[PDB]
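Results of the structural survey
Spelled out, the chains give:
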Amino acid sequence: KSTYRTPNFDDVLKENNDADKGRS
Amino acid sequence: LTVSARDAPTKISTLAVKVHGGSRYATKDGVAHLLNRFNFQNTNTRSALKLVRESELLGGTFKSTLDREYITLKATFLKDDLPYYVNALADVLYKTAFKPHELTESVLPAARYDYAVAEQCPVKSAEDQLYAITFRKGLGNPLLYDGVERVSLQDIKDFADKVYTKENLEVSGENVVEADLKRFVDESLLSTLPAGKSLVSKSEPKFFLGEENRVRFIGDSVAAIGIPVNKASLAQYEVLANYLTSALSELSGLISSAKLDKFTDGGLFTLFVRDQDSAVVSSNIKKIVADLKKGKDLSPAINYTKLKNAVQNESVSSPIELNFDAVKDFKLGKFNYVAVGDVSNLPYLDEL
Amino acid sequence: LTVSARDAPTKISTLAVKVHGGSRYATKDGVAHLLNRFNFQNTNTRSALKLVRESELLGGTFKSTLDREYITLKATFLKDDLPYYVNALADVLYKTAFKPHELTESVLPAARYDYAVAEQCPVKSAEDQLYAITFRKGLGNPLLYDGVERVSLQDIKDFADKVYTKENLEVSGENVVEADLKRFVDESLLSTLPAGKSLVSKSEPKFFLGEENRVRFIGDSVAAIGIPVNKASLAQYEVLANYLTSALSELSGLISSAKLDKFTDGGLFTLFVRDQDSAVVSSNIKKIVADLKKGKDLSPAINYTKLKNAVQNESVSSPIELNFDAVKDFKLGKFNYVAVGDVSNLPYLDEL
Amino acid sequence: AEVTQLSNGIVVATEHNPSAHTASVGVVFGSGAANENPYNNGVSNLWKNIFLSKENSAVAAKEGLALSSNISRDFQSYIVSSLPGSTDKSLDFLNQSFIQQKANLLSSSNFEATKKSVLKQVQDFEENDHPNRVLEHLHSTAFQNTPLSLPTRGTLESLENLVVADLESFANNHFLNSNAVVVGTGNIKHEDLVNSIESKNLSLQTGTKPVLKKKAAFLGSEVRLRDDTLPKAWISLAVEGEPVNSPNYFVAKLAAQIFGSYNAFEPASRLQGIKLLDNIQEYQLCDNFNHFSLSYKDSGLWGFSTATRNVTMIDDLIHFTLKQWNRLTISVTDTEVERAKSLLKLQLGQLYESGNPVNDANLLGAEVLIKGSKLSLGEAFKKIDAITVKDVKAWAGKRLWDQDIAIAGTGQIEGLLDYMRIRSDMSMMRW
Amino acid sequence: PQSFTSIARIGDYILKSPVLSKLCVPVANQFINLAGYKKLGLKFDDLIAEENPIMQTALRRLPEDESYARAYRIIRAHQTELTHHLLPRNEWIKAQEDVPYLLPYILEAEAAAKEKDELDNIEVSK
Amino acid sequence: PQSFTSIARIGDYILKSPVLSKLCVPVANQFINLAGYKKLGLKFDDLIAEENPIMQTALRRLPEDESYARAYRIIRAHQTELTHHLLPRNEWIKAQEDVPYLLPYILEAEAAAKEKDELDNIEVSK
Amino acid sequence: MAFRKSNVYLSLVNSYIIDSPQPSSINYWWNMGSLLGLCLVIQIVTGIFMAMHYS
Ligand code: HEM
Ligand SMILES: COc1c(O)c(C)c(C/C=C(\C)CC/C=C(\C)CC/C=C(/C)CC/C=C(\C)CC/C=C(\C)CCC=C(C)C)c(O)c1OC
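Summary of the structure given here. (Residues numbered from 1 in each chain as written, not as in the entry; some residues may be left out. Chains lettered and ligands numbered in written order. Part of a larger assembly, values for the part shown. Heavy atoms only, no water.)

Across the boundary between the two partners, chain D contributes 34 residues, which contact 26 residues of chain B. Counting each side, the surface lost to burial between chain D and chain B is near 2600 Å², with a carbon and sulfur contribution of 68%. Per-residue buried area on chain D facing chain B is highest for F265(D), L271(D) and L346(D); these three make up 18% of the total on that side. For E266(D), the salt bridge goes to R37(B), with nearest N and O atoms at 3.9 Å. The interface formed by chain D and chain B includes three residue pairs in polar contact. Elements supplying a minimum of two residues to the side of chain D that touches chain B: α1 (43-62), α11 (334-352) and α13 (377-384) of chain D. If you tally residues by element for the side of chain D that touches chain B, the top one is α11(D), at eight residues. For the side of chain D that touches chain B, the class distribution of residues is 12 nonpolar, 17 polar and five charged. (Contact = heavy atoms within 4.5 Å. Buried area = accessible area lost by both parts, 1.4 Å probe. Salt bridge = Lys/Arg side-chain N within 4 Å of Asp/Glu carboxyl O. Polar contact = N/O pair within 3.5 Å; in protein donor to acceptor, adjacent residues only side chain to side chain. Helix = DSSP H or I, 4+ residues; strand = E, 2+ residues; numbered from the N terminus. Nonpolar A, V, L, I, M, F, W, Y, C, P; charged D, E, K, R; others polar.)

This part takes up the nonpolar core. Of all hydrophobic cores here, the largest spans 51 residues; its most connected members are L237(D), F289(D), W302(D), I318(D), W325(D), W395(D) and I405(D). For this core, the elements supplying multiple residues, two or more each, are β7 (235-240), α8 (249-257), α9 (275-281), β10 (301-306), α10 (314-330), α11, α13 and α14 (389-399) of chain D. For this core, the element with the highest residue contribution is α8(D), accounting for seven residues. Among all residues touching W325(D), those that are not within four sequence positions of it are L237(D), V239(D), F259(D), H291(D), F304(D) and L400(D). Counting 43 residues, the second largest nonpolar core, distinct from the first, contains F40(B), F159(B), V185(B) and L190(B). (Core = buried A, V, L, I, M, F, W, Y, C linked by side-chain atoms within 4.5 Å. Buried < 20%, exposed > 50% of the residue type's maximum accessible area, 1.4 Å probe, protein only.)

What follows is about empty space enclosed by the protein. Here the largest cavity defines a volume of roughly 240 Å³. Lining of the largest cavity is provided by 16 residues; of these, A132(B), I133(B), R216(C), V343(C) and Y348(C) occupy positions nearest its centre. Among the residues making up the lining of the largest cavity, the classes are represented as six nonpolar, five polar and five charged. Lining the second largest cavity are 14 residues, and of these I10(D), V27(D), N95(D), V182(D) and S203(D) lie nearest its centre. Contributions of two or more residues to the lining of the second largest cavity are made by α2 (87-97) and β5 (180-183) of chain D. Residue composition of the lining of the second largest cavity, by class: 10 nonpolar, four polar and no charged. (1 Å grid on protein atoms, 1.4 Å probe; cavity = no way out; pocket = protein on both sides within 12 Å on 5 of 7 lines; lining within 4 Å. Points joined across faces, edges and corners; volume = space filled by probe spheres on them.)

Turning to the interface of chain A and chain D, a few remarks are in order. Interface size is often expressed as the accessible area that is lost when the parts come together. Listed by partner, the interface residues are 10 residues for chain A and 15 residues for chain D. Taken together, the two surfaces of chain A and chain D that pack against each other cover about 1100 Å², and 49% of this comes from carbon and sulfur. Applying the counting criterion to the chain A and chain D interface returns zero salt bridges. Applying the counting rule to chain A against chain D returns four residue pairs in polar contact. By residue class, the composition of the side of chain A that touches chain D is three nonpolar, three polar and four charged.

This part is about the pairing of strand β10 (residues 268-273) of chain C. Residues and elements named next belong to chain C. Among the six residues of β10, six are classified as buried, and the element is accordingly described as predominantly covered. Here β10 shows two buried faces, one formed by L268, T270 and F272 and the other by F269, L271 and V273. As judged from the four bridges shared by strand β7 (residues 225-228) and β10, these two strands associate in the antiparallel manner. Counted as the bridge partner of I227 is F269 from β10. (Pairing = 2+ DSSP bridges.)

What follows is the structure, encoded as structure tokens:
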């Protein structure tokens, strides 16, 4: 497992809608 | 003060003044580099930056390189901003101020930084050692102020008046119309600098071959080799240098560089070997020198050498048009040697 | 293992064990010095200090010097408290612990400081590099651990087990009765050491002459000169060294030193010139080598040399006595050179 | 001296320039690191290396022509330089030893030797370089789970797990004719315009490139590799730039060039500059700048890379750079904008018009694939003088103000505060 | 604070005898397994107080390949205790892997310090 | 705080005019005589304060000898004022040897500082 | 250099409230200590406003 392989955050990552409204 | 230029449809341009001086002509060893780092600042006419930051504000940058015999000053600008840059460059090339209290803080820390970052790499040290041991106190000299002698501002000014002069000068810029420069130097202070004498050399510099040196650097080992080349037969060493450095011959995956530094009337064929260990280097250089001394046919690289030489040129001051047709063979004769890093394992000159 | 001593009536005495090893026999470069610094600490039987401070409480001192080929361990004590000191010295000379974890902080700082002090004086560096160029990587080796090669704790242990052997050892003393040492080396740990091999070289070390080196060290210049001297004719160089270093001859108000370093069979005659500037040295050394080649009669210094040689001797392991009688004349021949400091000013070997 | 483009099966472009006399002809494939999956990373690297070794040995020995290459994210710029009078031979070699046949090239022995050489090269790059490493890490951390974060070199685990079949499969899924062009930068005029289209001189594998399911994204992150063994420090901020083919490329480039480069150990750089450089120079804070705003066909990156020497003073360097970025988006002097315009003009002039034909050829290939047509620098100069303070204000109000950042550095970063001391201070609470 | 020389003495005395060993070693393993650090990732060569000067010298003497592992273990432990979870029952420390590597580097240094601190209060000797 | 550019301008204007010079030179001489600092052993090129960074740049430009002499004079003045005495009438600083040695090293740096503070606020021009 | 760490009256407060590297694994008890400090300060304030009207 090389360092570039970012661990799976999919459990905690926000859904596929970016965050351009979450700042609000 | 003969000038030359070339016209270009492209709308970016740069002008260069090629002072025919540098390390070779320095009376004291560590003055050429310090002068060059002392060059673009604090004119008597206009301030060091209060009237040179306006160059960047106006769309162009300044650069003053160094070499073995060229104190080159360059400036890249747009097409419509030429006369101001010619005037500023002539003003800096006017031995203007050389203020005394602007050396202990301005350039010396820069000189120390430059020396420190240029001495870590053993390649540069090998080049310097090879030049010094091959040319003595003639062409060769320490390219960098290492502080071995105290050099005084009087000596800097003396060197500047020795080299910066109208007769021993040359100006060339690209993408600039010829008439503008031909009539703009005369409308500038470059018509007023005293006429010194051309510091060129009539005959070849005296060379010394056979001797070797060594040091005890802490790091990767390097085993430089050098040859002296004269102007009469300089094509063969260039074609051989490119033959070695390329992937055409098997001696490619171990050598580091095989450049051929060019002077007015001669040069030093160099090459390098370097590795992390201190045992592979010995065997590698042993087989390299054995095979070179064996004598290799060299013609089937002429086209590659011609292409690399042509693509190498970017300056208007084209070097002499070498004749790449009278190359038929090669057999190594007598050479030189420098060893850097560890010495206890590197081979001596006798058994090489 | 032969013990030799002489009795004296004085109430202070010295016992020294002279291991026939050092920088001449080191497999790696910076190992012999570090071992010598590694010597008097952390025995397996008695502690590193807790049972060697009580040596001071008893009234004796400990020293472990290094030289070209002698790892001398000296202990000076009163007339009576001998058996404890022979016990402790033999226990140290038993490769007891050589603890790997207590070497990165014990002897590395000491070795670094010692190297810094040694390299500060250009005369010592000139001597070292003279040995290196004359004797190659046989006899000639660096005397101090400069970190050029990575030396391993296992390698230190291997060298210790290579040299700390019964056959290749000598014990001497004075102001101690022969009857004490002659038996005190038997009921002691020193009599159980393995019998290694005679590391003493049989034939003369291979000497190289003519080659010269140079370094660009900062500071006052110095210009060493050396001559390889064998056992066949070693009297002439000693008498001449004393002739130059005395005030008998005019070539004396300018020479810094002219010491001869004595070996088992070889040795290297040396004479050094140093000065604050970088120009007086040139003329001084030119005149020294100019008139030394002429040939000077040397007979009217034999008596002074005899006195100096006699007063030099202090130990039972005295250097082999020399017949200062067949000393008639002298004439220099091929030699070896080193220049340190500024290098451009000091003359090259060709014109010397 | 005008760039010509067309569309006859395979796009052919030409930037004639009789100034230089080093003719170059090659291909610019519109795929690379971005067009390939994480599990098989260094396939492009291996292609480039097998070419650059064995084909070099072939070409130099046979004829006179030195071949180069480049891979940045989605190029395989297999430019083959040559003499002005030797372009037909170069094209013939390129079409006889790169597209086909690949049997005389992919021998197991040559492939394995190149594989071990690539392993050694990537290893010593990992152990020696540092600014490039942190830049690659910045890409890999900005685009997690996206076919753009994977580096242009690859990982040893991904390098070792491929022999022949994967290489050939990628060749047949990306070396097509739909997204492959020909570039003839140098001093050729129309011989390349007609000789590329010949009886058989055409790339094999007709079809289309397999379209990626997802293109690109962004999210704030950190990848720090804190190790005190290394002497200096290394950091690289980042804010999502503007993709190519957008009315924001040049305004972003100017917004980056305002602050500009800086080398603290040069007599000709400390004296000049703007507020942050002076306020740093009063003490000793930093040792290098690089304001870079890189852009790609999917998304672009506006970055800020340094490699300092002081270790206790990281926080102050970051705080000052952030306050200067806020100053950029709140208020800019007219003279600053004018100076930036002039500097960016000269920088573009140097970059696009460097004498080396290979750089021009690679850039022309990039633009012709992405833009669809070359944008001659005349129009760039015409449209660059129109950039005005209001436009930059508007652009920075979008890309910069309170937008997630990504930083990634290797070295003695430990002094750097983690996230809320480098993110929630891009507005300084008084705009 | 209580030196490891006394611990070593008491441990050798307890373990050497057969009956006290048979009566005391069965409860020690259960005690360790019930303690807690085993699952959260701590090796006992890390949990000790590491601030007093003799332990400071011991830490200074450690080879690299164990100091780095200790750093990883302690930072991961900090994280897991921060998140209030426990490590999954696949990356715990096995029973046979809790080997003491740091003990000798404490015993040697402690012996040296104890037997040097006593040496100053020496007598006239007889 | 008040720059020496303005002081130099005012001084040159006063000195150039002959009648105003004849009016103000004698009062200036008598003032500097009654100033009460020549006797205790001070040159006026030291009394200027050393808080402004321009002063730091000025001192950093001085040669070695003048800095050493200034140090000696200032410490001797400190001591003599501590004693409450004045120096003997043999080392009173004579009027003809109150040379300005430090003024040029103030003006040379003051000009650069002024043009630095100005050139930042430049305009786009035409 | 950042004004937070330069002025003395603020260089003091920086090292105690603005930059003090507390350990990673803190729980609520040290937050409870901070609670205690604030309880002390509100006690002092209300005590002043108490003694303002106390014989
Ligand atoms: C933490 C510190 C303090 C504690 C724990 C404390 C506690 C108390 C307590 C328990 C009482 C008894 C009141 C009751 O019976 O209802 C009291 C009374 C009082 N305290 Fe304090 N006190 C503190 C500090 C102060 C200070 C600083 C002041 C004044 C500035 C102050 C002023 C008073 C006064 C005036 C009373 C009056 C009694 C009352 O009216 O009941 N106290 N305090
Ligand atoms: C170790 O890490 C830290 C840490 O470093 C710090 C600083 C704190 C913070 C510490 C504190 C908040 C405690 C500090 C408290 C004090 C120093 C108490 C100060 C004492 C006082 C008496 C305050 C003085 C104020 C007054 C007397 C106000 C009265 C004035 C009035 C009423 C004005 C009246 C005028 C009119 C016109 C009505 C921590 O909590 C902490 O742990 C996380």
